[PDB]
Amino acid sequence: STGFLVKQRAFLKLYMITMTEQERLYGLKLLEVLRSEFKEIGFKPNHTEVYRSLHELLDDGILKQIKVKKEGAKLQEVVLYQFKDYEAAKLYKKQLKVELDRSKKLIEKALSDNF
């Protein structure tokens, strides 16, 4: 790595944590939800991308799965996520501020140097 700007991967990973920290949801939902909180700014991620973030937070030993099967019209086997390791959860939820803080400087530096 050269340490440019934050990867989309890590960016989403962080939204999951935050959203899990409260809403406690499943993939396809998050996607739709994020697609609304960024619609205006024109950032539209995709399920596959959203999914990969979740799966990653698995091997990182954090968010663990938790499958649910209910009865009725929306008869899905929807998959929710909760915290596995909360220690790592806030360990990561900070080494990500650092990157967002570092990545801001650039967009500023650029926006200033060039303009």
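Take the two forms, find the largest set of C-alpha atoms that superpose within 1.5 Å, and that set is the rigid core. All residue numbers are counted from 1 along the displayed sequence.
Comparing 91 to 99 with 17 to 25 in 4 other deposited structures of this protein, after superposition on the rigid core, the stretch with the greater RMS C-alpha deviation is 17 to 25. Taking the rigid core as the alignment reference, the C-alpha atoms of 63 to 71 lie farther on average from the displayed form in 4 other deposited structures of this protein than those of the other stretch among 63 to 71 and 43 to 51.
Of the two segments examined, 62 to 70 and 28 to 36, it is 28 to 36 that shows the higher average Cα temperature factor in the deposited entry. In this PDB entry, residue 97 carries a Cα temperature factor that places it within the highest third of its chain's modelled residues. Among the modelled residues of its chain, residue 76 has a C-alpha B-factor that falls in the highest third according to the deposited record.
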